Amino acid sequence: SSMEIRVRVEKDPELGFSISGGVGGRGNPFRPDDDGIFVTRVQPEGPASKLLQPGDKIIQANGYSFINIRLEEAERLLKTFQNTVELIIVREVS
């Protein structure tokens, strides 16, 4: 059971969260057999606080699909975007 969430994070100066995972990558601490990109830590007083949560799977960012993406490409895109970034994430619920 899960929900899909569309959120806008205003870089100031970064998005304020970390990512793990990726195709051909080293995995993630949330869904071991999923090669997706996962929000891993969120900076507590940063632009993503109260918007994203650890474990959120990023499936789209500024219109780029993050399904089947390499970690390095996800990171470099997210760092290259300017100002407000629109994310679509998937959040699991117990």
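Just count from 1 along the sequence shown to find any residue number. In this text, the rigid core denotes the largest set of C-alpha atoms whose superposition between the two forms falls within 1.5 Å.
Of the two segments 37 to 45 and 24 to 32, the one whose CA positions lie farther from the displayed form in 5 other deposited structures of this protein, once all are superposed on the rigid core, is 24 to 32.
Look at the C-alpha B-factors of 28 to 36 and of 61 to 69. On average they run higher in 28 to 36. Of the two segments examined, 14 to 22 and 77 to 85, it is 77 to 85 that shows the higher average Cα temperature factor in the deposited entry. Per the deposited record, the Cα B-factor of residue 47 falls in the middle third when ranked against the other modelled residues of its chain.
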